[PDB]
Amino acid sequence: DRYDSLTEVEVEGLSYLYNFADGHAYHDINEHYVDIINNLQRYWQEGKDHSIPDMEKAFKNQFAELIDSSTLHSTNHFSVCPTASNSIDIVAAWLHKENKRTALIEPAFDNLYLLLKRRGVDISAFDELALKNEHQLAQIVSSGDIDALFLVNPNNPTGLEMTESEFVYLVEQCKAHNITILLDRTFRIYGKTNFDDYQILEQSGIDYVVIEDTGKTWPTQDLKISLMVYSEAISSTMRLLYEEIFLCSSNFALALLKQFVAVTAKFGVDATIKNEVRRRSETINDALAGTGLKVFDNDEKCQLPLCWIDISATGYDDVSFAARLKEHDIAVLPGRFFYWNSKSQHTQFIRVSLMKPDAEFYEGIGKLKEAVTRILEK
């Protein structure tokens, strides 16, 4: 009885007709990407015709071109994992080996906490809001209690996203107290920013690891690629840990996702990614309008491919409301596990994932509004 993790809920949700639990990219191949699937053999062949090191660097440089980072394009200190949680787990093992006290962002997707904990890291919580408040952040980094800071930018599920100023300030302060910055950029492509985080990190001279992901952005049936990019000074040990578990990732997966990334650069994030996101976000906001559930929104957040919802006016807590919705064939994520250090004090949110197969999504949202108003009427 009871749920121990978000992933447990997501596994259960795989059996429901309308699964809004896991936030993995599972929408349909839109018109811009169809030629890739039509030409799967071309990318099979490209992986066959190139060396593993050449394919790693080619995907990395294609990504650096898409995000326009001359610094990512020039660094050779990186590894490629098949999933971003693998990259995180390697970081956790490094954090433990180097005896680094780590403050972890809260809220966060809970397996970030679970992986750090399982590796034996000394973990403290730190408020995501401190990233947009110089005074609070300064108190945290100057305390003498921490050696590393693990962030998710933009953060899941709130969409909190740092400005250039805030990131520069963040990097300035960790440098002054010899703090390593762990940056999970899984949702980077959804950010409304456009600046060179790698350049700011490299110019600074601090120790860092940045983790990228394709899995929350390009729907490739969880055939994924995760760049793990790190500073020169910690490179030798990071690569040693990586090599304990991996020789390389798949050249076929690299060739495939390289072309997803190149197509997004050619037609822009809007035509290929963000326009459908905005339409899905509007569809859920409209469906929930006037129901009492309050979609989490603010002036400064970016639009994650996720909806974070306050249900306090329902009088229900997240697990009980998710249970009632499960009766209607609808699976959503209870939100308390995102508050991994303080679950009991954050029981009023659910999360609804938007990047699901197109028909299941739009039909599912209609079923959700009916379910919410039927549950509320009784």
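So that there is no doubt, residue numbering starts at 1 and follows the sequence shown.
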Of 115-123 and 162-170, the stretch whose C-alpha atoms average the higher B-factor in the entry: 162-170
Selected stretch [higher average CA B-factor]: 219-227 or 302-310: 302-310
Out of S249, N86, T283, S235, residue topping the C-alpha B-factor column of the entry: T283
From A130, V210, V152, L240, residue of greatest CA B-factor: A130
Among modelled residues of the same chain, the CA temperature factor third for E8: lowest
CA B-factor placement of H346, once the chain's modelled residues are sorted into thirds: middle
Where the record places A25 (Cα B-factor, split into thirds across the chain): lowest
Entry-reported Cα temperature factor of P157, expressed as the chain third it lands in: middle
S51 - which third its CA temperature factor falls in, relative to the rest of the chain: lowest
